[PDB]
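Engineer: Output the structure for:
(10 chains)
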Amino acid sequence: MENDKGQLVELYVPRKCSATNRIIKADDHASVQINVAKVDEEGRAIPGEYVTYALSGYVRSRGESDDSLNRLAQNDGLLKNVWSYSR
Amino acid sequence: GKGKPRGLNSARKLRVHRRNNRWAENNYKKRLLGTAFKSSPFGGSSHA
Amino acid sequence: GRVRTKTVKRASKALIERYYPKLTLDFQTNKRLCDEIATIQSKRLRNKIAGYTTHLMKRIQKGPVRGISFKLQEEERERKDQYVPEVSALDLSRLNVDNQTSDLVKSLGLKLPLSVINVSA
Amino acid sequence: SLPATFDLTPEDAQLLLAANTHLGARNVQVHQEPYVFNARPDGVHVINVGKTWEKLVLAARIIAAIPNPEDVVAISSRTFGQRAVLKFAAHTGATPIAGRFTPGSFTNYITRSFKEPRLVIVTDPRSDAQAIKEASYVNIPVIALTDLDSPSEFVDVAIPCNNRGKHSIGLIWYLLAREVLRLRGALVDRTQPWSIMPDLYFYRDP
Amino acid sequence: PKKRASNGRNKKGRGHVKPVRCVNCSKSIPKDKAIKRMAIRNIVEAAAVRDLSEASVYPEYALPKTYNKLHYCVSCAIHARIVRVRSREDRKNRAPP
Amino acid sequence: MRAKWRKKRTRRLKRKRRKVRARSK
Amino acid sequence: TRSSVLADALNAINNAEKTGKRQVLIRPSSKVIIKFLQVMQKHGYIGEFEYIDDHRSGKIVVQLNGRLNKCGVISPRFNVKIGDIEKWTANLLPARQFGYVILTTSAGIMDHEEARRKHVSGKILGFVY
Amino acid sequence: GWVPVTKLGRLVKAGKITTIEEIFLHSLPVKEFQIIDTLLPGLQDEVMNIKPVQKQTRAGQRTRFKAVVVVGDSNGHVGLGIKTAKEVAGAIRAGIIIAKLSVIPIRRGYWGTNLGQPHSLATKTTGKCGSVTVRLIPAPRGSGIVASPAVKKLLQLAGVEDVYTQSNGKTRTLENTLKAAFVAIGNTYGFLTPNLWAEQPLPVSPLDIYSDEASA
RNA sequence: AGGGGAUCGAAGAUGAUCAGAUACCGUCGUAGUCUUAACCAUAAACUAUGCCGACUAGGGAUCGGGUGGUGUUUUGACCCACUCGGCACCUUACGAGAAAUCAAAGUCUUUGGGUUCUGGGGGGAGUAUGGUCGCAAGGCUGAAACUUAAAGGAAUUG
RNA sequence: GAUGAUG
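Structural biologist: Residues are numbered from 1 along each chain as shown, chains lettered A, B, ... in the order given. Shown next is the protein structure:
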């Protein structure tokens, strides 16, 4: 949100849930952020290097968190045959 | 829906319905009955 | 009634966890130890403290008492926690699986020594 | 993407089939349906051990991302998992919670049990419900060993396994310990098995 | 307020349920609301079973039994200590003792 | 008083107004 | 009975969008339903959708994203003058920089700021913001 | 003095967190009131009202006092807190602390063209506590805060210059009206306007990039 | 108005209790209770919740019909899975509510799917009066003068 | 499962 001459006039731009695309407010305390370690050629983690995901409080409360992480992970190569689109 | 008509051609029912219920109000009831002139000792005057 | 208050219960507990090797079943011996190992304000309370410490000592001879632990006891415990049998119970002593369990192995593509047995409701 | 050596080996498949990590519950809830393979007569539902393994490595990779090993907390209120937890923490650097879980460990900051981890692992979401509930107030991710009927709310990475058996719970904890150490390099080679028998994790109550 | 979702009776999907009479006070109460107990006892009390065996002409005679089903109104069920006032959370329980 | 018995009283009162007034018909 | 098919379609989208779903199935389909969903799609609020033929007035499946906040109809389809559009947007839009009121006109189904460009007006249908 | 107990307080004291916007962005829990006054040094507090409450006993009425307190920067930060205590002074003193731990961010936008600085809210918002529902609508410049005295103060301390308000329900229970306004004003950052539709990489938590300093 | 009239039993008659007891308790007992013909039109007639339609969470039990399993004991009865239509029930709060609580009492200040009926502080009053229906008891329709600062709903500590 | 009104 800019003013008439291209200056951002916003306190901060919040994150968004990866599973549902909603805003993670300042006090969404069910919300979490997972870090998944990348693996080097030899087969051992590369410190500080992550594939990061966010899930909102709503998603986790309904019980969909596990399922929606399977989908995101597979789309990023971190799983092979866990999630099927044609349920 | 809520308990009133909503059609484009429902104006008649919404007029009549409101007219009937206005009588539950005290100001409307006393004014149109004309109880000021009929019964009030001052007969609607501010002083006597 | 001869119930003992928390001041007595905890002072006695605090002495066993530090002085098991030096404590004994004798009341007269324990009574004299508690003069040199604690600062208590009265003969009456000292006698009660030493009395209940003796009482717990008899208990420990019969077995572990809940909520009191001391060096000698725990060291034996951890040794019993390092146990590991001669051979794993999971080892293939001869593995039996159902028809549906066999179908799973085929789907994954693994080679195993299956033996198939039937089942019913 | 992971290399080809992370795939399921027949040696492992023997362990998973030997401890009956595949014999699940007679009733399955909707969220766990993907993990089912087929239905045996008598109602037992076989679990797809392939997804048990893949979910075990993925969980293992989240643990390895925590900078400090002490900020991983392992819980097991029920007995069949208490020995396992006390040994997961020993081999890795986790903080175990075996036995009673005092309400307010994660939300009350003047209690002697105060911990603020970056990840919690639990053995049974139905009996360790307090830890899951308290996690949701302070933004702590959760990993839970899950049966086909166990509840999944406020759980992020569920590892499907048969949790009604002594050997099954022990084995899953053992393999998380193994995979984590290999990732961190404490074990040099993935091809050679671990020198600690998995039965070190199993329960004993004579 | 509404004290119970069952309205203190087992009637759903019916208009009427025929009445029954209480076994103490004779007061009428719909069958579905009455408190019902099935009492069964030996015809000879425990103290007398021995003396009756000695007197029995027949050898190995099996003791008969008495069967009756008893209907109580709410007032007489409270008094006889057949049911008792119960706490709010404890009211929802359906299982026998 | 109880609603039922107040209703009764008004009924046994109307029944009497209804007949005293019948004397003038 | 089923009085408005556009009302049911927009209610199903709303219900699923609030429960985090990524797609819906709306039955039955209609010309006004497609044209409504084409204005929403143009402004980025739904994404792709597909029409299934079944010889029986048909079905649709609509992909969703998190963008949509609310969508719905105004019933009855009131008459709107060209000076009355400013009193409808003011009532049922969050702020006057984003949001649309979709209204059927002689030019076709459109949104209000297109109706200003083209200088047309007609019956109001619904809103999307 | 102050000796931090939580991880976040340790980083904040060390200076490795600089702006309160990082805490909001990652939605970290704030449990020590010193974290707030070390990052928002300009907060000012106004005490709304003090009311007595009573419970009966064998020997009469036990009486305590209940205070409402609002803390704010007047530049986009407000907090609301309530506490009951045996002394009026202790109620106010504890009311300021609870108020600080509940600071939330506000969003401000334009009524019309984006000329100059933000002055009002970006979108209509509603909040409810008990029966009282408060609604906030953007207003042009020069309108001011058109609200009752109590709700007006809390909107001044969040930095809103021009805003309309409408209310429904039993407003005279001031605790609910102020708590309903607080929900309405904090909801402004949950509304996904179309200028936020762009995708941003998720930042790495400060609690993870400064792990060493957090533990000690 | 005929028939029937055993039991129970407004009225009524009696014994006891009591300061009184034209009440509760014990014993009698007419109308009634049952049926045919013809009236009456009311109830806490209650789920204190109008009807048609679409959509939104988990678990199991049961009633009726149908499909698959040549399932298993002797077409039928059972058993496993599935499905349509019912009476309901257990857990939860995305949601609703002043709360009790609610899978509808949700998808309502982000207020519009169609439609019908009723309410406007407590009393006077469901009263007076005029119509209309009934053999009668009464039913439907239904005010005003005047009086009043509180009546009331759900929860909380005593 | 006898009696027990009022301030």
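Engineer: just checking, what packs against the longest strand along chain A?
Structural biologist: Ranked by residue count, the top strand of chain A under DSSP state E comes out as strand A:45-55. Packing partners of strand A:45-55 (3 or more CB pairs under 8 Å, 6 or more residues apart in numbering or on different chains; DSSP states H and E): strand A:32-39, helix A:65-75. The way it works is simple: take the backbone N, C-alpha and C, and place the C-beta from them, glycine included.
Engineer: relative to strand A:32-39, how tilted is that strand?
Structural biologist: On the basis of axes from the mean of the first three to the mean of the last three CA atoms, to 10 degrees, strand A:45-55 is oriented at 150 degrees to strand A:32-39.
Engineer: Sheet partners, orientation included, of strand A:45-55?
Structural biologist: strand A:32-39 (antiparallel) (DSSP bridges).
Engineer: domain parsing for chain H?
Structural biologist: H:1-105, H:106-199 (CATH domains of a matching chain).
Engineer: hang on, the earlier thing: can you show me the CA trace of the longest strand of chain A as PDB?
Structural biologist: Extracted in PDB, the C-alpha atoms of strand A:45-55 (Å, rounded to 0.1, in the frame of the first residue of the first chain):
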ATOM      1  CA  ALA A  45      21.700 -32.000   6.100                       C
ATOM      2  CA  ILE A  46      23.000 -28.600   4.800                       C
ATOM      3  CA  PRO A  47      22.700 -26.400   7.900                       C
ATOM      4  CA  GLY A  48      20.700 -23.200   7.600                       C
ATOM      5  CA  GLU A  49      19.100 -24.300   4.300                       C
ATOM      6  CA  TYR A  50      15.400 -25.000   4.500                       C
ATOM      7  CA  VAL A  51      12.200 -25.600   2.500                       C
ATOM      8  CA  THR A  52       9.800 -23.500   4.700                       C
ATOM      9  CA  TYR A  53       6.000 -23.800   5.000                       C
ATOM     10  CA  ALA A  54       3.400 -22.000   7.000                       C
ATOM     11  CA  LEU A  55       0.000 -23.300   8.300                       C
END
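Engineer: After that strand, heading C-terminal, what element do we hit next?
Structural biologist: Sequence order places helix A:57-62 as the next helix or strand after strand A:45-55, per DSSP states H and E.
Engineer: coming back round to it: CSV please, covering the domains of chain H and showing distance to RNA strand J and mean neighbour count.
Structural biologist: Shown next, in CSV, are these (distance: least, CB to the nearest atom of the strand, whole Å; neighbours: other CB atoms under 10 Å in any protein chain shown):
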stretch, distance to RNA strand J, mean neighbour count
domain H:1-105, 21, 17
domain H:106-199, 38, 18
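Engineer: Could you double-check that residue H:62 sits in contact with residue H:55?
Structural biologist: Yes. Residue H:62 is within contact range of residue H:55, at 5.0 Å (criterion: CB atoms under 8 Å).
Engineer: measure the residue of chain F found nearest chain C to residue F:10 for me?
Structural biologist: The minimum distance from chain F to chain C, using CB to the nearest CB, falls at residue F:2 (57.4 Å). For residue F:2, the distance to residue F:10 equals 13 Å [CB to CB, to the nearest Å].
Engineer: cool, and residue C:27?
Structural biologist: 90 Å.
Engineer: Same drill for these two, tell me which one is more crowded.
Structural biologist: More neighbours surround residue C:27 than the other of residue C:27 and residue F:10, with 14 against 10 (other CB atoms under 10 Å in any protein chain shown).
Engineer: Quick check: that one touching residue C:48?
Structural biologist: No. The pair residue C:27 and residue C:48 does not pass the contact test of CB under 8 Å, sitting 11.3 Å apart.
Engineer: Please produce TSV containing the domains of chain H, extended by distance to residue B:43.
Structural biologist: Output for the domains of chain H, formatted as TSV (distance: least, CB to CB, whole Å):
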stretch	distance to residue B:43
domain H:1-105	48
domain H:106-199	39
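Engineer: quick one: which of the ones you listed is nearest chain A?
Structural biologist: Comparing these under CB to the nearest CB, the one sitting nearest is domain H:1-105, at 4.2 Å.
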